[PDB]
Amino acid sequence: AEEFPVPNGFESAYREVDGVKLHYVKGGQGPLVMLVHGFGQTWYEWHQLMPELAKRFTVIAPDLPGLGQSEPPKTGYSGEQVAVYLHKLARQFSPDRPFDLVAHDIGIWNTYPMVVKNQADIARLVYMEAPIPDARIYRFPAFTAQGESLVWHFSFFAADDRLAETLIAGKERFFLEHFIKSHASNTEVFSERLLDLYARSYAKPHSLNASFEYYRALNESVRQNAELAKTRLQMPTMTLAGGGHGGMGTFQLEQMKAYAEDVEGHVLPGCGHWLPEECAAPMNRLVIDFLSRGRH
């Protein structure tokens, strides 16, 4: 069974990595690019970008541990722990050559440690729409002069007593529509049909719980990254961020400059957090062009 429609010419498969069965969708030929989704979503956010990339690359899009059709991690949900699964997965398909990485939202949290610890394995890097976990996150406001802030949910999701699961169970579809639209500029792309697909996936009890465990591990990931960040990333990197409602704006690039020697950033006007869906045409173009500067 498949929670989301696989693009024509792609395969949906699973790979056991350190005792954890990871789901992925794969297609294309050439050097490997791994695309890693974020919260509220699955590999499917990449489905419009994938066929295009697959003309020039071998493309893999896994589900994060516990999310989509992937088993929960057995170690834990901190960025360093999860990154091990993603690194080993990628290296199964690219054992003797470096691969490209594109990551959105908590996909960043879950890949940053494997990038910094295995720099020679990463040819080119694209990060969009989430802070790398560090002390900067403790500066984001709980509340703004415009109303609900960007990251108040960090505390909601991290709260003890399974507060978030207890409140959200049974109302996953309602909550996700609010969460996604509140972080979007172009809300119109989130049709009821699309929201139904995403909500059905994260409503699996283990997936709802897994989603929040990433936030419950956030302070641990910050602590991990404080050590790792002592060495800057050396490979070509690009950041994207939305400039519209719900987007990270100039923060994405400004933070990355502290982490990378070689970085170019773009802020996409009229787009919020959900770049692949809100602004598919310019986002896809930026990613393809950036990755195509290397071998393909």
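Position 1 is the first residue in the sequence shown; the rest follow in order.
When the mean C-alpha temperature factors of 19-27 and 276-284 are read from the deposited coordinates, 19-27 comes out higher.
When the C-alpha B-factors of 178-186 and 70-78 are averaged, 70-78 comes out higher. The PDB entry assigns its highest CA temperature factor, among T111, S211, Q92, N219, to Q92. As recorded in the PDB entry, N118 shows the highest C-alpha B-factor of the residues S207, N118, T166, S155.
Among the modelled residues of its chain, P133 has a C-alpha B-factor that falls in the middle third according to the deposited record. In the deposited entry, the Cα temperature factor of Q41 places it in the lowest third of its chain's modelled residues.
In this PDB entry, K55 carries a Cα temperature factor that places it within the highest third of its chain's modelled residues. When the CA B factors of the chain's modelled residues are split into thirds, the value for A123 lands in the highest one. In this PDB entry, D161 carries a Cα temperature factor that places it within the highest third of its chain's modelled residues.
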